[PDB]
């Protein structure tokens, strides 16, 4: 049998079976976590559709098969020694019959803690610590670069276009919020702090958008055509941030994510976009 993880008790983490310390064949069924596992040098043999559509992550998991959580046959034949899932997955019991499962309830640990937590689970503390120390220094330095341009108290709102809907996001639901609010310590407008932050996200009617945007807005979308009718509208064009050219449009295919690999890309992209807003 496998050498075992110490399986620490961590908020949000549930273990099904004996988790290996050094898994050799991991199936990741939760896009939140795939890039954390890659950062810690795990061999991923299965990943999700969102993972494959994230160009930053996809480059690192070319040999992994795309699978869904219902793919019991394909997952079995991948011969995993570990499966990682989100806690809301429909069929964790069936997955745990195939291999040991780590199930994570989102948001119980923050985007940085998740990495050091995996460091404890897999005895990869050094790799996690090195990344986290560098991240702390780099983000503080970049925070200075961007606030030099905007002012330290400029407000930012995180937004996404999805289907025909409009979402706002807080500090810990992807779409750039970790970078903008946690890494750069930008404030959000009061209405976003009150109505969005605790909730994580808020699906909004388009006509009230002006009320939620202050100095800057970051907008994630999967395709560059989705926002067209909104963007040309008098409503949108009346927003001071829009008039100032403080709209930052980003590609959701990577910006949905919160993992170290995706966030490295988001960090550089957002730094450059803020600087570019004053070109």
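Whichever C-alpha set is largest while still superposing within 1.5 Å between the two forms counts as the rigid core. Residue numbers count along the first chain shown, from 1.
- Following superposition on the rigid core, is the mean squared CA displacement, expressed as RMS, greater for 43-51 or for 233-241 in 5 other deposited structures of this protein? Per-stretch check in 5 other deposited structures of this protein: the more divergent one is 233-241.
- Stretch with larger C-alpha RMS deviation in 5 other deposited structures of this protein, core superposed, 62-70 versus 224-232: Looking at 224-232 and 62-70 in 5 other deposited structures of this protein, the bigger mover is 224-232.
- Between 62-70 and 26-34 (mean CA B-factor, as deposited), the higher: Per the PDB entry, the higher value belongs to 62-70.
- Message: Highest mean C-alpha temperature factor of the two stretches 261-269 and 17-25, which is it?
- Response: Mean C-alpha B-factor is greater for 17-25.
- Would you mind checking which of 229, 47, 217, 250 has the top Cα temperature factor in the PDB entry? In the PDB entry, the greatest C-alpha B-factor among 229, 47, 217, 250 is found at 229.
- Message: In terms of recorded Cα temperature factor, pick the maximum from 181, 93, 107, 147.
- Response: Of the candidates given, the C-alpha B-factor peaks at 93.
- Lowest, middle or highest third - CA B-factor, residue 137: Middle third - that is where residue 137 ends up once the chain's C-alpha B-factors are sorted.
- Going by the entry, which third of its chain does the Cα temperature factor of residue 84 land in? It falls in the bottom third of the chain.
- Message: Based on the deposited C-alpha B factors for this chain, I'd like to know if residue 119 is in the lowest, middle or highest third.
- Response: Lowest third of the chain for residue 119's C-alpha B-factor.
- Item | residue 143 - Cα temperature factor, lowest/middle/highest third of chain | For residue 143, whose C-alpha B-factor we compare with every modelled residue in the chain, the answer is the lowest third.
- Task: Quick one: classify residue 158 as lowest, middle or highest third of the chain based on its Cα B-factor.
- Result: CA B-factor rank for residue 158: lowest third.
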